[PDB]
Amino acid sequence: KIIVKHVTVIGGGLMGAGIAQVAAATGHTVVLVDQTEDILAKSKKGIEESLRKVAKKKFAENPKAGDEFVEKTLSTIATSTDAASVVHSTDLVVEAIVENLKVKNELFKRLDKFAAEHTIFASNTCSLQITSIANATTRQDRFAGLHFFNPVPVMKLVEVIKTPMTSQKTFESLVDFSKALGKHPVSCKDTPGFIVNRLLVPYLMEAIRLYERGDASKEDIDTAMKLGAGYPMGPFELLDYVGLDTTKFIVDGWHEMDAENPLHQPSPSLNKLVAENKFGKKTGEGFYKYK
C-alpha cells in the first residue's frame, strides 16, 4: 500500500489547477503538466490569486506568514509540458484534461508505458466510465476514478470510484490521499455520472429547457433556485462556472450511449454558445457576460 507524496497532475485548467493547489497546500510535491508554457504560466498565476485571497484573509494579522504560505505552496508546484518524462517516477497521476473518452484513453495508454510500476492512475472524469479508461492500460489494479468538485479549494467532496479490477490497496491509498487533502471521500460505483453529476447535470439541462421553452428568464430561474431552494448558485450561473463546453461534452456522451433517452437531449442554446467559443467564466462569456 503506497502513501501518495509526489503527485503528477495532467491538465492545468479549472480542476487541474485547483487539485494541484490543494495537494501542494497540504504538503505533497506536485508537478502540474499542460500543453504549452503559456497555459502553465496562466494556471500557476491563477493558483497564486486563489492563494493570495486566502492569505489576505487568513493571515490579516500575520502578513509575513501569509506570504510565506503562498510562496511555499507555489514553490511546491513544479510545471512541465512533457508528462511522459515526469511520470517516470511519481506516486500518482491525476488526469484532468478535456472530457473526451478517446483523448483520455490515448493519454493513459501512453503514460502507462512510462510510469513506474507502483504508480497509481486516476481520472477526474465527470461522466465517462472508469472501467473503460482503465482497460486502455495494463495497470487496471492501479486504476480508479478520483473525482473532485469545482472549485477544488472549497468543495469538500471527492468521489472515489473503483472498477471491479481496482485493488483494495489502490483504493485505500486514494482514500488516504483524499483525506490528506482535507477532503471527504465517498466510494462510488462506476456508473455514469457517479452520484453528483448523474443528478446535477440533468437538472441543469432541465433548467436550460425551461428557458428555451420560453417559460422564464435565466435571471428569474437563478433567483428562484437560490431563494426558493437555498442553492449557492442558480443553474445558469453554475453552468457558466463549470464550463459550457464540459457540460455539452458530458451530455453528448450520454446522448450517444442512449439516444432515445430524452433526458440527454442536447440543447441548441448550449450548442450555439459552445460553437461561438463562449464557455462561461473560462472564456469570459457564457449564458452571461463577465468582465
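Residue positions are given as counts along the sequence shown, with the first one as 1.
According to the PDB record, 262-270 carries the higher mean C-alpha B-factor of the two stretches 242-250 and 262-270. Stretches compared: 107-115, 206-214. Higher mean C-alpha B-factor in the entry: 107-115. Per the PDB entry, 84 shows the highest C-alpha temperature factor of the residues 196, 161, 84, 154.
Note on the listed residues 26, 29, 223, 43: the highest Cα temperature factor in the record is that of 43.
For residue 165, the recorded CA temperature factor ranks within the highest third of the chain's modelled residues. Residue 190 sits in the middle third of its chain by CA B factor, as recorded in the PDB entry.
When all modelled residues of the chain are sorted by CA temperature factor, residue 71 is found within the highest third. Sorting the modelled residues of the chain by their CA temperature factor places residue 150 in the lowest third.
Compared with the other modelled residues of the chain, the Cα B-factor recorded for residue 33 ranks in the middle third.
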